[PDB]
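# Geometric and topological summary
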Amino acid sequence: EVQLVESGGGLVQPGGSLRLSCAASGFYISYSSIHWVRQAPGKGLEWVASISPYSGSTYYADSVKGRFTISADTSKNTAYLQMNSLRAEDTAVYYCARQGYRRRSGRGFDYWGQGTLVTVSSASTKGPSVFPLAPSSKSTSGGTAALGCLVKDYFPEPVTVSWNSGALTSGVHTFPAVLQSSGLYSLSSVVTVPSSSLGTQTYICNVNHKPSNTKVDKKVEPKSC
Amino acid sequence: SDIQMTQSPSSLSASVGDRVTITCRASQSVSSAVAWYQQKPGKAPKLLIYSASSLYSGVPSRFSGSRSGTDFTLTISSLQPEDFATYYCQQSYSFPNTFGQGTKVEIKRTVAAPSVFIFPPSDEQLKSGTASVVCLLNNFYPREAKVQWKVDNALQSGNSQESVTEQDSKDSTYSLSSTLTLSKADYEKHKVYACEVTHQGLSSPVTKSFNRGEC
RNA sequence: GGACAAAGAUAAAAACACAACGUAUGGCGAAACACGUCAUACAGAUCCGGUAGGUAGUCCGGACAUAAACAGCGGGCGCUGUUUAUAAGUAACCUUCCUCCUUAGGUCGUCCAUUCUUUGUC
Ligand SMILES: COc1ccc2c(c[n+](C)c3c4cc5c(cc4ccc23)OCO5)c1OC
Ligand SMILES: [K+]
Ligand SMILES: [Mg+2]
Ligand SMILES: [Os+3]
Ligand SMILES: [Os+3]
């Protein structure tokens, strides 16, 4: 019944502003403290801001002091986080959390939102290039071989990778994307197959990057000699 | 001065039915204003314990919290498969609120040696003007492993990016990809490229290499 | 028997009123701060002298203590010094004397002084 839904995230350029919303349901925000906590990709939780009930008192963390403002609009039952002068280190999923009732939950945060992603980067939308990680010609005659696709130089996340239009799903590892110094993302998807099958069976990886409207099907095959 | 919460261990390996303990140490007094949360991948944290001893409504009774001075512990009496996640501690005694760096509780498994493969740059990529050589370490446990790049037996530093998969649902294993990015010209000026791997299950450091422009 | 006088013992003794607005801690209010409310504590009734015979929590003077403001020194904080405050009120009322602050200012007064003992001289 109690729910918090964040919204307003997206991609913003460094030094630009964004305004996040936290719409509440099943409770009135005026009777609770509201918190914003962020999580950078691959990192832990970081408390960002809090607003107290019946006074409006705002408390912020050093990383955001002067550049972030937490506000509440009781008539729309929504909390807000205004971000100015944003920089790359601010890229994260932002949760809003309700602080619990003191009699029932102490000061723990008893309800959270799903989060909303904020990406601070000067990169422009770009479709990936997809290259064949061909199977080793020196592969064992009766041993396992490995083949793959490299999805490279795409912004922003995500991409989806299937193999043989999803028929081949066993033994496939799609790796997490890593942001490279270019500001563009890169990942690789690999599958291990029996080496007896390399000439008989055709392997295709299907890469989709919806943000750029990019669908590519790349066939990976052993190279000459 | 802001309060620091130091959580140990950063990563823990255990099995179903294990008794698990995670600790948090505060730089100052935080009284009992400490809470513990569980976060599973891709999901929001869920409150487990508040006021550092109290079980939050609906959380299973196999979770408990204890306070000794400025040290707080979260204990799971018997692990269950749904209990493998990252756990966080938070102080709310004084603003600004601080959270622990986190502790990930992962399934413990038999030591498995990595299978290492090397993929030379594709010809399409060389037509694009860049070269990437990918080392794959497949289906190994534990996650700790070292990957080193040798170009003509010359160790490369600052040109390699690694990516690791989460633990597999069936193998309870990890996989790692290492990509080495060189210019097409720099790639064209050397002949031998090797991926040297060290792992606990490897009795010697395995090296898988290829020679440029060769079958 | 009485009178005057000194020296003792003993007793007595001042009207009216005397203020938590506020602060601190804690509990509670849908409540980390703010706010509302409740509980508890906090307002120099300290010490010494004097007020002309005596009687002072409140008069007069000094000391100490506590609080605030300000000045200075040292490396928001600490120390030092000075000033002020510590109820309203010895205001108001009654009341004597004095002074052209006279539609005022100061000043005498407002309470108690009981009972008994010794000695000196008529
Ligand atoms: C020698 O001892 C003395 C001397 C003078 C006094 C005194 C006591 N009181 C109460 C008063 C007094 C009381 C008052 C007043 C005036 C007053 C004037 C003088 C005294 O007007 C208001 O009430 C006292 O006893 C210790
Ligand atoms: K170099
Ligand atoms: Mg006085
Ligand atoms: Os600090
Ligand atoms: Os070189």
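Let's shift gears to unusual backbone geometry. Cis peptide bonds are those with omega within 30 degrees of zero, and the linkage from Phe95 of chain B to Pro96 of chain B qualifies with 15 degrees. In this fold, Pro96 of chain B is placed in the loop between β9 (86-91) and β10 (98-99). In this structure, the amide linkage connecting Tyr141 of chain B to the following residue, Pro142 of chain B, adopts the cis form with an omega of -5 degrees. Phi is positive for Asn77 of chain A, which is not a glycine, with a value near 55 degrees. Following the sequence through the fold, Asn77 of chain A ends up in the loop between β7 (68-73) and β8 (78-83).

Turning our attention to the protein's contact with RNA strand C. Residues and elements named next belong to chain A. Near RNA strand C you find 16 residues, and of these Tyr54, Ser55, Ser57, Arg102 and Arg107 are the closest. If you look at RNA strand C and keep only atoms within 4 Å of the protein, 36% of those are sugar or phosphate atoms. At 2.6 Å, a side-chain N or O of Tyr54 approaches a sugar or linking oxygen of RNA strand C. Within the side chain of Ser55, a nitrogen or oxygen atom sits 2.7 Å from a base nitrogen of RNA strand C. Taken together, the residues of the surface near RNA strand C sort by class into seven nonpolar, six polar and three charged.

With that settled, consider the domain arrangement of chain A. Here the domain parsing of chain A yields domain 1 (3-120) and domain 2 (129-220). Using C-alpha coordinates to define each centre, domain 1 of chain A is positioned 38 Å away from domain 2 of chain A.

Residue-level contacts link 44 residues of chain B with 48 residues of chain A. Between chain B and chain A the total buried area reaches about 3,700 Å² when both faces are included, carbon and sulfur atoms providing 63% of it. The tally of links from chain B across to chain A stands at zero salt bridges. Those elements that provide at least two residues to the side of chain B that touches chain A are β4 (34-39), β5 (46-50), β9, β12 (115-119), α1 (123-128), β13 (130-140), β16 (160-164) and β17 (174-183) of chain B. Ranked by the residues each element gives to the side of chain B that touches chain A, the list is headed by β13 of chain B, at six residues. Class assignment for the residues of the side of chain B that touches chain A results in 20 nonpolar, 19 polar and five charged.

Quick look at the side chain of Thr78 of chain A now. Residue and element names in this part refer to chain A. By the element assignment, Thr78 lies in strand β8. Taking relative accessible area as the criterion, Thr78 reaches 6% and is therefore assigned buried. A distance of 2.8 Å separates a polar atom in the side chain of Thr78 from the backbone oxygen of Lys76. Setting aside its immediate chain neighbours within four residues, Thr78 contacts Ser21, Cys22, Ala23, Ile29, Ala72 and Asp73.

Residues and elements named next belong to chain A. Bridge analysis of strand β1 (residues 3-7) against strand β3 (residues 18-25) gives five bridges, and the strand direction is antiparallel. Bridge pairing in β3 links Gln3 to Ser25. Looking at chain direction, β3 and β8 are connected through six bridges and run antiparallel. Directly across from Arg19, in β8, lies its bridge partner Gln82.

Our next topic: the sheet that holds strand β3 (residues 20-26) of chain B. Residue and element names in this part refer to chain B. If you trace the four strands from one edge of the open sheet to the other, you get β1-β3-β8-β7, paired in antiparallel fashion. Since the sheet does not close on itself, it has two edges, and those belong to β1 (5-8) and β7 (63-68), each with one partner. Across the sheet, the axes of successive neighbouring strands diverge by a mean angle of 20 degrees, strand direction being ignored. Where β7 and strand β8 (residues 71-76) come together, six bridges link them in antiparallel fashion. Paired with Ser64 across the two strands is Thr75, which belongs to β8.

This paragraph deals with a nonpolar patch on the surface. Together, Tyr28, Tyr31, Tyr54 and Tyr101 of chain A make up an exposed nonpolar region whose accessible area comes to about 470 Å². By secondary structure assignment, the location of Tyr28 of chain A is in the loop between β3 and β4 (34-39).

Residue and element names in this part refer to chain B. What the domain assignment reports for chain B is domain 1 (1-109) and domain 2 (110-215). Between the C-alpha centres of domain 1 and domain 2 the distance comes to 36 Å. In this assembly, seven residues from domain 1 lie in contact with ten residues from domain 2. Carbon and sulfur atoms make up 37% of the area that domain 1 and domain 2 hide from each other, which totals about 730 Å². Contact with domain 2 buries surface across domain 1, with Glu106, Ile107 and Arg109 losing the most and accounting together for 78% of the total. Our count for the contact surface shared by domain 1 and domain 2 stands at five residue pairs in polar contact. Among the elements that take part in the side of domain 1 that touches domain 2, strand β11 (residues 103-107) stands out by supplying three residues, more than any other. Of the residues assigned to the side of domain 1 that touches domain 2, the class counts are two nonpolar, one polar and four charged.

Analysis parameters
Counting starts from 1 on each chain and follows the sequence as written, independent of the entry's numbering; residues without coordinates are not shown. Chain letters and ligand numbers both follow the written order, the letters beginning at A and the numbers at 1. To get the side-chain values, all heavy atoms of the structure are used, and hydrogens and water are removed first. Helix and strand labels come from DSSP, where a helix needs a run of H or I of at least four residues and a strand needs a run of E of at least two; each type is numbered from the N terminus. Nearness of a residue to a molecule or strand requires only that one of the residue's heavy atoms be within 4 Å of it. Polar contacts, as used here, are pairs of N or O atoms within 3.5 Å; protein pairs need one atom able to donate a hydrogen and one able to accept it. Residues neighboring in sequence count only if both atoms are side-chain atoms. Residues are grouped as follows: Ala, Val, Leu, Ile, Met, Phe, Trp, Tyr, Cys and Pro are nonpolar; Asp, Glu, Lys and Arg are charged; all remaining types, including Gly, are polar. The split into domains, and so the bounds of each, comes from an automatic or database assignment of domains. By definition in these notes, contact holds between two residues if any of their heavy atoms fall within 4.5 Å. By buried area we mean how much accessible surface two parts lose on assembly, using a 1.4 Å probe and totalling the loss over both. Put simply, a salt bridge is a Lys or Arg side-chain nitrogen that is within 4 Å of an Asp or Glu carboxyl oxygen. Per-residue accessibility, obtained with a 1.4 Å probe over protein chains only, is compared with the maximum for each type, and a residue is labelled buried under 20%, exposed over 50%, and partly exposed between these values. By the convention used here, strands pair only if DSSP detects at least 2 bridges between them. For helices, the fitted line uses only the C-alpha atoms of the stretch in contact; every axis is such a line through C-alpha atoms, and the angle between N-to-C directions lies from 0 to 180 degrees. Residues with no salt bridge and a relative accessible area higher than 30% make up the patches, which join like charges within 9 Å and nonpolar side chains (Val, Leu, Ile, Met, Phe, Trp, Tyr) within 5 Å. Note on areas: Shrake-Rupley with a 1.4 Å probe; residue coverage comes only from the protein chains shown.

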